[PDB]
$ cat upload24.txt   # compact mmCIF, C-alpha atoms
# COMPACT_ATOMS: atom_id res chain seq x y z
CA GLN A 1 11.22 -20.12 4.68
CA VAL A 2 11.63 -18.00 1.54
CA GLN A 3 10.90 -20.19 -1.49
CA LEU A 4 10.74 -18.86 -5.06
CA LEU A 5 8.53 -21.02 -7.29
CA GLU A 6 9.04 -20.19 -10.97
CA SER A 7 6.49 -21.66 -13.36
CA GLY A 8 5.96 -21.62 -17.10
CA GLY A 9 8.48 -24.14 -18.45
CA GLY A 10 8.27 -25.45 -21.98
CA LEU A 11 9.46 -24.85 -25.52
CA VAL A 12 8.55 -21.74 -27.51
CA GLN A 13 9.20 -20.85 -31.13
CA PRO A 14 10.06 -17.29 -32.23
CA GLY A 15 7.10 -15.23 -33.40
CA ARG A 16 4.77 -16.31 -30.57
CA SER A 17 4.20 -15.26 -26.96
CA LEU A 18 5.50 -16.51 -23.60
CA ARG A 19 4.38 -16.29 -19.99
CA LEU A 20 6.27 -16.83 -16.73
CA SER A 21 4.88 -16.81 -13.20
CA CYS A 22 6.65 -15.93 -9.94
CA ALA A 23 5.38 -17.25 -6.60
CA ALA A 24 6.94 -16.25 -3.28
CA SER A 25 6.88 -17.94 0.13
CA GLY A 26 8.17 -16.83 3.52
CA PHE A 27 7.63 -13.08 3.10
CA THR A 28 4.95 -10.55 2.18
CA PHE A 29 4.69 -9.80 -1.54
CA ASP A 30 3.61 -6.15 -1.28
CA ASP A 31 6.48 -4.90 0.90
CA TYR A 32 9.28 -5.23 -1.68
CA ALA A 33 9.84 -4.33 -5.32
CA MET A 34 10.06 -7.28 -7.70
CA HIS A 35 12.54 -7.26 -10.58
CA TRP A 36 13.46 -9.47 -13.52
CA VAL A 37 17.13 -9.95 -14.37
CA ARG A 38 18.43 -12.20 -17.15
CA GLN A 39 21.89 -13.60 -17.85
CA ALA A 40 22.85 -15.42 -21.03
CA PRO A 41 25.79 -17.85 -20.81
CA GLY A 42 29.14 -16.22 -21.47
CA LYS A 43 27.82 -12.86 -20.26
CA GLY A 44 27.10 -11.19 -16.94
CA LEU A 45 23.85 -10.32 -15.22
CA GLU A 46 21.79 -7.63 -16.96
CA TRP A 47 18.56 -5.98 -15.83
CA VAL A 48 15.65 -6.78 -18.15
CA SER A 49 12.63 -5.42 -16.25
CA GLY A 50 11.32 -4.39 -12.85
CA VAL A 51 8.30 -3.18 -10.91
CA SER A 52 8.11 -1.29 -7.64
CA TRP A 53 6.47 -2.17 -4.33
CA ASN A 54 3.43 -0.17 -5.50
CA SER A 55 3.11 -2.48 -8.54
CA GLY A 56 4.29 0.37 -10.75
CA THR A 57 6.06 -0.76 -13.91
CA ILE A 58 9.43 0.93 -14.34
CA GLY A 59 9.78 0.71 -18.13
CA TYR A 60 10.93 -1.54 -20.95
CA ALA A 61 14.43 -2.40 -22.12
CA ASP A 62 16.24 -0.63 -24.95
CA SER A 63 16.58 -3.80 -27.03
CA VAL A 64 13.03 -5.13 -26.57
CA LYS A 65 10.93 -1.97 -26.12
CA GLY A 66 7.31 -2.45 -27.15
CA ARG A 67 6.93 -6.20 -26.68
CA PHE A 68 7.76 -7.19 -23.10
CA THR A 69 5.23 -6.63 -20.33
CA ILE A 70 5.30 -7.10 -16.56
CA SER A 71 2.57 -7.26 -13.91
CA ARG A 72 2.04 -8.10 -10.25
CA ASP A 73 -0.77 -9.90 -8.40
CA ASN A 74 -1.03 -8.55 -4.86
CA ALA A 75 -4.20 -10.56 -4.20
CA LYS A 76 -2.60 -13.99 -4.72
CA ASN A 77 1.03 -12.97 -3.99
CA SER A 78 1.94 -13.84 -7.60
CA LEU A 79 3.65 -12.21 -10.56
CA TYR A 80 3.14 -12.39 -14.33
CA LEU A 81 5.73 -11.71 -17.03
CA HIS A 82 4.41 -11.84 -20.59
CA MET A 83 6.51 -11.91 -23.78
CA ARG A 84 4.62 -10.54 -26.78
CA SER A 85 5.82 -11.66 -30.22
CA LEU A 86 9.21 -13.06 -29.25
CA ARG A 87 12.12 -13.44 -31.67
CA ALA A 88 14.97 -15.94 -31.72
CA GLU A 89 17.43 -13.18 -30.77
CA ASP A 90 15.74 -12.89 -27.35
CA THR A 91 16.85 -16.38 -26.27
CA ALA A 92 18.26 -16.34 -22.72
CA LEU A 93 17.43 -17.40 -19.16
CA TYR A 94 14.96 -15.28 -17.19
CA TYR A 95 15.41 -14.62 -13.47
CA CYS A 96 12.95 -13.42 -10.81
CA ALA A 97 14.28 -11.43 -7.87
CA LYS A 98 13.00 -9.66 -4.76
CA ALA A 99 13.98 -6.45 -2.98
CA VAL A 100 15.11 -6.09 0.64
CA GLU A 101 14.39 -2.60 1.89
CA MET A 102 11.72 -2.34 4.57
CA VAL A 103 8.74 -0.13 3.78
CA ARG A 104 9.14 3.56 4.69
CA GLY A 105 12.89 3.53 5.22
CA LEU A 106 13.07 7.25 4.41
CA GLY A 110 14.21 10.26 1.02
CA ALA A 111 12.63 8.08 -1.66
CA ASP A 112 10.55 4.90 -1.77
CA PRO A 113 12.53 1.76 -0.82
CA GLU A 114 12.53 -0.28 -4.03
CA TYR A 115 16.13 -1.43 -4.66
CA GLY A 116 18.57 -4.11 -3.50
CA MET A 117 17.79 -7.51 -4.99
CA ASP A 118 19.09 -10.30 -2.75
CA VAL A 119 17.40 -13.67 -3.30
CA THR B 299 -45.51 34.82 48.12
CA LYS B 300 -48.60 36.93 47.44
CA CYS B 301 -49.34 35.07 44.22
CA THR B 302 -48.33 31.73 45.76
CA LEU B 303 -51.12 31.96 48.34
CA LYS B 304 -53.63 33.41 45.84
CA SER B 305 -54.23 36.19 48.35
CA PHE B 306 -53.56 39.88 48.95
CA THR B 307 -52.78 39.63 52.69
CA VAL B 308 -49.79 37.54 53.78
CA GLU B 309 -49.93 36.36 57.38
CA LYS B 310 -46.85 36.09 59.59
CA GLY B 311 -44.84 32.95 58.91
CA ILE B 312 -42.41 31.31 56.50
CA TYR B 313 -43.57 30.31 53.01
CA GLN B 314 -41.60 28.17 50.58
CA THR B 315 -41.56 30.16 47.34
CA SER B 316 -39.47 28.51 44.63
CA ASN B 317 -36.31 26.61 43.68
CA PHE B 318 -32.75 27.93 43.31
CA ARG B 319 -30.47 26.18 40.82
CA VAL B 320 -27.12 27.04 39.27
CA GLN B 321 -26.70 26.63 35.50
CA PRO B 322 -23.78 25.09 33.56
CA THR B 323 -21.58 27.91 32.29
CA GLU B 324 -19.21 26.15 29.88
CA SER B 325 -18.68 22.89 27.98
CA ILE B 326 -15.71 20.54 28.42
CA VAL B 327 -14.84 17.62 26.13
CA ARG B 328 -11.83 15.33 26.62
CA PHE B 329 -10.31 12.32 24.84
CA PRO B 330 -7.00 10.41 24.97
CA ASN B 331 -4.28 11.77 22.71
CA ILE B 332 -3.99 10.65 19.09
CA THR B 333 -1.05 8.39 18.25
CA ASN B 334 -1.65 6.48 14.99
CA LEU B 335 -2.41 7.88 11.51
CA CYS B 336 -3.76 6.63 8.20
CA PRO B 337 -1.26 5.95 5.35
CA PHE B 338 -2.34 8.70 2.96
CA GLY B 339 0.95 10.62 3.07
CA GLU B 340 2.62 7.34 2.06
CA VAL B 341 0.63 7.37 -1.20
CA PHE B 342 0.62 11.05 -2.19
CA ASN B 343 4.39 11.37 -1.61
CA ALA B 344 5.24 8.08 -3.34
CA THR B 345 7.75 8.11 -6.19
CA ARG B 346 5.44 6.51 -8.76
CA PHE B 347 2.03 4.93 -9.37

$ encode --input "upload24.txt" --output "structure tokens"
Amino acid sequence: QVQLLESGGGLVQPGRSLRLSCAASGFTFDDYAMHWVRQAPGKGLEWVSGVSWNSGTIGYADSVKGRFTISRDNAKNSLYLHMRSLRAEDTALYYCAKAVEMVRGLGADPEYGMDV
Amino acid sequence: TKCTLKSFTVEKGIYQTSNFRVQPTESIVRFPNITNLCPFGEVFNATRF
């Protein structure tokens, strides 16, 4: 069974850091690329960050470049998302998502298609 | 036969002289075919690190 355990709840004031943790069950962590997508109320889904199957960070967003950071933990099947020096304008709901494509699906690396 | 008997006069008969033996002419090595491979081409052709 594929269970997503999201940890790091609490209250944070602007000007400080934040840290969220993704845990996955029912599938192998390394085989799929892991992405973060956020969606404030009264607005659609919007990509905020991502990282490939090879634990390669893809970049930082246009609005929050220089402060967000993303990392994987292939040893313990976990994921870290750290928010450096947050501001009150960054308030929204964070979302953790997994890819689908099976490894070596032929002509680039399979890293897309969030489903769960 | 003369130097087998340690003599200069060989008397009528049959004398075992030496040994005949064929030698190996070439070398043959065999193994089952190779099927699997290590995932190095999956790393060096990857899109990113």

$ atom_distance --input "upload24.txt" --atom1 "CA of residue 36 (chain A)" --atom2 "CA of residue 345 (chain B)"
19.9 Å

$ closest_atom_pairs --input "upload24.txt" --of "chain B" --to "chain A" --cutoff "9 Å" --atoms "all atoms listed in the file" --output "Markdown table"
| residue | atom | partner | partner_atom | distance |
| --- | --- | --- | --- | --- |
| B:340 | CA | A:104 | CA | 8.0 |
| B:343 | CA | A:111 | CA | 8.9 |
| B:344 | CA | A:112 | CA | 6.4 |
| B:345 | CA | A:112 | CA | 6.1 |
| B:346 | CA | A:56 | CA | 6.6 |
| B:347 | CA | A:56 | CA | 5.3 |

$ atom_distance --input "upload24.txt" --atom1 "CA of residue 61 (chain A)" --atom2 "CA of residue 119 (chain A)"
22.1 Å

$ residues_around --input "upload24.txt" --residues "region 70-76 of chain A" --least-positions-apart "6" --cutoff "12 Å" --atoms "only C-alpha atoms" --output "PyMOL selection string"
chain A and resi 18-25+28-36+48-61+82-84+96

$ atom_distance --input "upload24.txt" --atom1 "CA of residue 47 (chain A)" --atom2 "CA of residue 100 (chain A)"
16.8 Å

$ closest_residue --input "upload24.txt" --among "A:9, A:26, A:16, A:94" --to "residue 77 (chain A)" --atoms "all atoms listed in the file"
A:26

$ closest_residue --input "upload24.txt" --among "A:69, A:85, A:11, A:37" --to "residue 118 (chain A)" --atoms "all atoms listed in the file"
A:37

$ closest_residue --input "upload24.txt" --among "A:105, A:66, A:42, A:8" --to "residue 79 (chain A)" --atoms "only C-alpha atoms"
A:8

$ residues_around --input "upload24.txt" --residues "residue 303 (chain B)" --least-positions-apart "4" --cutoff "12 Å" --atoms "only C-alpha atoms" --output "MDAnalysis selection string"
chainID B and resid 299 307:309 312:315

$ decode --input "upload24.txt" --residues "chain B" --atoms "C-alpha atoms" --output "short mmCIF file (atom, residue, chain, number, x, y, z; two decimals), in the first residue's frame"
data_model
loop_
_atom_site.label_atom_id
_atom_site.label_comp_id
_atom_site.auth_asym_id
_atom_site.auth_seq_id
_atom_site.Cartn_x
_atom_site.Cartn_y
_atom_site.Cartn_z
CA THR B 299 70.47 -48.27 -28.79
CA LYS B 300 74.27 -48.16 -28.75
CA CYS B 301 74.31 -45.63 -25.92
CA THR B 302 71.39 -47.34 -24.17
CA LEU B 303 73.41 -50.54 -23.70
CA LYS B 304 76.64 -48.66 -22.89
CA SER B 305 78.31 -50.75 -25.58
CA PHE B 306 79.74 -50.52 -29.09
CA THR B 307 78.40 -53.88 -30.37
CA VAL B 308 74.63 -54.39 -30.51
CA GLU B 309 73.54 -58.02 -30.53
CA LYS B 310 70.55 -59.27 -32.50
CA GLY B 311 67.26 -58.56 -30.77
CA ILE B 312 64.72 -55.86 -29.95
CA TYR B 313 65.63 -53.06 -27.54
CA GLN B 314 63.19 -50.55 -26.08
CA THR B 315 64.76 -47.16 -26.76
CA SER B 316 62.54 -44.27 -25.69
CA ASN B 317 59.04 -42.78 -25.45
CA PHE B 318 56.93 -41.20 -28.21
CA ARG B 319 54.47 -38.49 -27.21
CA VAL B 320 52.45 -35.92 -29.14
CA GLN B 321 52.44 -32.31 -27.92
CA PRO B 322 49.49 -29.89 -27.57
CA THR B 323 49.47 -27.61 -30.60
CA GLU B 324 46.91 -24.94 -29.65
CA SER B 325 44.94 -23.53 -26.71
CA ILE B 326 41.14 -23.48 -26.43
CA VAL B 327 39.14 -21.55 -23.83
CA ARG B 328 35.33 -21.52 -23.62
CA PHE B 329 32.67 -19.89 -21.43
CA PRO B 330 28.89 -19.39 -21.59
CA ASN B 331 27.77 -16.26 -23.40
CA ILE B 332 27.45 -12.94 -21.56
CA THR B 333 23.92 -11.67 -20.97
CA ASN B 334 23.82 -9.07 -18.16
CA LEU B 335 25.75 -5.78 -17.90
CA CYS B 336 26.65 -3.24 -15.23
CA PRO B 337 24.66 0.05 -15.10
CA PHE B 338 27.43 2.45 -16.10
CA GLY B 339 25.81 3.60 -19.34
CA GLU B 340 22.77 4.50 -17.22
CA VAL B 341 24.89 7.02 -15.29
CA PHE B 342 27.11 8.54 -17.99
CA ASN B 343 24.13 9.13 -20.32
CA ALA B 344 21.85 10.47 -17.57
CA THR B 345 20.25 13.87 -18.02
CA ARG B 346 21.62 15.38 -14.80
CA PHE B 347 23.61 14.73 -11.62
#
